[PDB]
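What follows is one chain in structure tokens, specifically the form deposited in one PDB entry.
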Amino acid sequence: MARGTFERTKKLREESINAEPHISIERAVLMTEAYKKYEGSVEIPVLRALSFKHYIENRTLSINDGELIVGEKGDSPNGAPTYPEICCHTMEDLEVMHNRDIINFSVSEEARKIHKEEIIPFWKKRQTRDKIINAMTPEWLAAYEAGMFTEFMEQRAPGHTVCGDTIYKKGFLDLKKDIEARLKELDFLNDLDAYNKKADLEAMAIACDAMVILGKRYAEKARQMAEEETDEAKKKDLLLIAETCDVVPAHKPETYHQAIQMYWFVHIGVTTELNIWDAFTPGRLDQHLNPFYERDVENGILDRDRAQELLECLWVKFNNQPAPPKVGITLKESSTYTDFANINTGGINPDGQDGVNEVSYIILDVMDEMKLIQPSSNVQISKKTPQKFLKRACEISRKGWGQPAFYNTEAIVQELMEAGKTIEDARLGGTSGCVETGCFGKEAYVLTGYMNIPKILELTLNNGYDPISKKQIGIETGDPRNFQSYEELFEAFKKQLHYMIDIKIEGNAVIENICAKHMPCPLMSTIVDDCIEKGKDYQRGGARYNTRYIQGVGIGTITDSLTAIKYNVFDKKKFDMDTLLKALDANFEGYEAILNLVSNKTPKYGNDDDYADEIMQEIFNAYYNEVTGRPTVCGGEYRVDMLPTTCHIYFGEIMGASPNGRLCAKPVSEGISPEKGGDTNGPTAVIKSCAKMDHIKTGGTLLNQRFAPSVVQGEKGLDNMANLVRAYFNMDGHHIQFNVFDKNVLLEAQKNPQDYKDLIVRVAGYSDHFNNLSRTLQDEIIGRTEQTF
């Protein structure tokens, strides 16, 4: 039939998939009212909290037909609020997003008028995007404009965080009492920081009051609708909603149902406080819900079916919240409606032992049934994980819509401990976003933007000149024709890297200050370890752990490029640097013999070939060494991860031909995957190549693999997938995820998209509809190596 295990969830799912993407202007209006009332009369943290509270008090609330869990970010499903305190769109922005080819958002004429007349006049000079851009150096602006790197905080708040367990043990009235206790013990005689603590703690208290009002208003809304509903079954559902909201979020949840509603209210809260990267996620959902599940079934108020029904409702709620609209580079690097709410199922419990429980299997059943691209429902696989759980996950992956990805629990824990987390805290951790490792509920781990490693080699080969933007973007490391050795070339590359990282980090530091001062998040601070105890907002270092990342893109492309140069120019001496540079400038036109050599007669990453893989390691180590351990403004350090989202398309589009044989404006490699056509020795050879990268020293790496549908059939096919995951993870690989599609279906979908509106594929760290992808991205996915066992 229709997807959904029950008639209720079938109906909720059909509403969700039919909702049209559009913008909701109410949030911007209410924030404007609050600033006009309060700006200049209070410190900024209190201003944000008072503005959030004003928004919560006055926004319109809705309950959709059949819901058991309530709460929407916008006016209706697929309605995105706007965030003019971060990015106040131009009228052209609104025109572009309404009319663009993919990832469009409808802008009603009423929304356009209000934005033009009320929002722009107030927020255009206040938006943080202008504070950032106006503070960047000309070197940063040139590099940014040339596609050397991206900037995550230009249109969104740092975000990128995961809920802990606080909201299942405390309500917001409890947290407020904790905050009031902290306020009473501030020592203004001897603690010279007491004033800053008071401002942040006062804001947190106001945020708590706002959450109490959220629950109060939804309970009223539910009862007012109950008096008006004639259908007896619906009225009882409305009365159940009201009873649930009488408890949460003001008080700690007492039941499994209340635990889910508490999480979802907090989710609505933090993602309307600010437009945070990767929305929000409960993280280790099966660990938090299992005590409630066991208690509730034992008391006879819950069974497996109702527990599954509630989670199917939750799944639909995620799918009703798009990532708010992006423009410019932010869209190019994250070209999707999804908001990367990553759920980790399986793994280990807080004591460090096997965490698979009954809720874990329920989550696998609901993600299988619902087949929704939000949330991003993934599994943590431990050496302690039962093989039955892994094989069930492989069963779902083999169906070919991308979810779940697989994460190595032992790698995650060691990555966290390498970064300074205690073993006790690391056992609560996991991955969020695409593949990013973090200590859930206790860490600010902020991604700052992608770094175009292949184009750094391009700058090296052009003495700092960018052949595409036709500007001097890098530094003068020398004419490559004078390099007498591969070591000399690699040293020049490392100098270009150092310069580009220095440029990025300097801008990052400015941006970190701007976000801390102008984007404090008192609501998020209330639920993140150490903010209350420290009296310090999450956005300026209140978390127990603080890290920042620069995301490395294109390791396969640059590995094969430097490998091609070492092999052909310096070792075998089949041609010289001058000839290679002419070939690149001509996009290999007139140099077909060179193209054949570098493409087809040269070692390649992903074949368990140490000639290429040792170069991968050298590049990886240089990147790790250049970035890791640099201080952040708010008391943490920089670390390294490797993922592209859709930025590998953009980074290749503004790059010329590269020495490995990739042609001008083609995408660079995705994640740590091999280059196009690079791996010719099967999937075991590539996981052996990928394992030579030291995953433990990163905050996560992304590996895509693709299988022919015929080679994963039957029980042997499941075992082959399961065994590949185990083999990779036994070598301490971080992550792997699978495409399993018929190439001809994708090709047909390109010719007749309207017949394939349901076709979903794996992109990079998330799944999306094939029809939401540009032709270039579609062709990138189709070109990935079709593996056989």
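The numbering used is simple: start at 1 and walk along the sequence shown.
Asks: With respect to the recorded C-alpha B factors, which stretch has the higher mean value, 86 to 94 or 631 to 639?
Replies: According to the PDB entry, the answer is 86 to 94.
Asks: Using the B-factors recorded in the PDB entry, average over the C-alpha atoms of 103 to 111 and of 613 to 621, then report which stretch comes out higher.
Replies: The stretch with the larger average C-alpha B-factor is 103 to 111.
Asks: Which one, 156, 284, 267, 216, has the peak C-alpha temperature factor per the PDB entry?
Replies: Of the options given, 216 has the highest CA B-factor in the PDB entry.
Asks: I'd like to know which of 139, 368, 560, 130 has the highest C-alpha temperature factor in the PDB entry.
Replies: Result of the comparison over 139, 368, 560, 130: 130.
Asks: How does residue 406 rank on Cα B-factor within its chain, lowest, middle or highest third?
Replies: Bottom third by C-alpha B-factor.
Asks: Going by the entry, which third of its chain does the Cα temperature factor of residue 123 land in?
Replies: Top third by C-alpha B-factor.
Asks: Hey, what third does residue 358 fall into on Cα B-factor, ranked over its chain?
Replies: Top third by C-alpha B-factor.
Asks: Taking the values exactly as deposited, rank residue 767 by C-alpha B-factor within its chain and report the matching third: lowest, middle or highest.
Replies: For residue 767, the deposited C-alpha B-factor lands in the lowest third.
Asks: Splitting the chain's C-alpha B-factors into thirds, which one does residue 735 fall into?
Replies: Its C-alpha B-factor, which the entry lists for residue 735, ranks in the lowest third among residues of this chain.
Unshown form solved in complex with a small molecule; subsequent notes refer to it.
Asks: Hey, in the entry with it bound, is residue 447 touching the small molecule, heavy atoms inside 4.5 Å?
Replies: The answer is yes: residue 447 has a heavy atom within 4.5 Å of the small molecule.
Asks: Under a 4.5 Å heavy atom criterion, is residue 277 part of the interface with the small molecule in the entry with it bound?
Replies: Close contact exists here: in the entry with it bound, residue 277 approaches the small molecule to within 4.5 Å, heavy atoms only.
Asks: Check whether residue 678 has any heavy atom within 4.5 Å of a heavy atom of the small molecule in the entry with it bound, and answer yes or no.
Replies: Flag for residue 678 set to no.
Asks: Using heavy atoms and a 4.5 Å limit, would one call residue 434 a contact residue for the small molecule in the entry with it bound?
Replies: Contact with the small molecule, yes.
Asks: Quick one: find which of 434 to 442, 239 to 247, 304 to 312, 124 to 132 has residues within 4.5 Å of the small molecule in the entry with it bound by heavy atom distance.
Replies: After filtering at 4.5 Å, what remains is 434 to 442.
Asks: Thinking of 407, 410 and 695 as one candidate spot, does the small molecule come within 4.5 Å of a heavy atom in every one of them in the entry with it bound?
Replies: Heavy-atom distance to the small molecule in the entry with it bound: none of the three under 4.5 Å.
Asks: Considering 623, 318, 389, 152, which brings a non-hydrogen atom within 4.5 Å of the small molecule in the entry with it bound?
Replies: Contact with the small molecule in the entry with it bound is made by 152 alone.
Asks: If you check 160, 548, 115, 540 against the small molecule in the entry with it bound, which one has a heavy atom within 4.5 Å?
Replies: Residue within 4.5 Å of the partner: 160.
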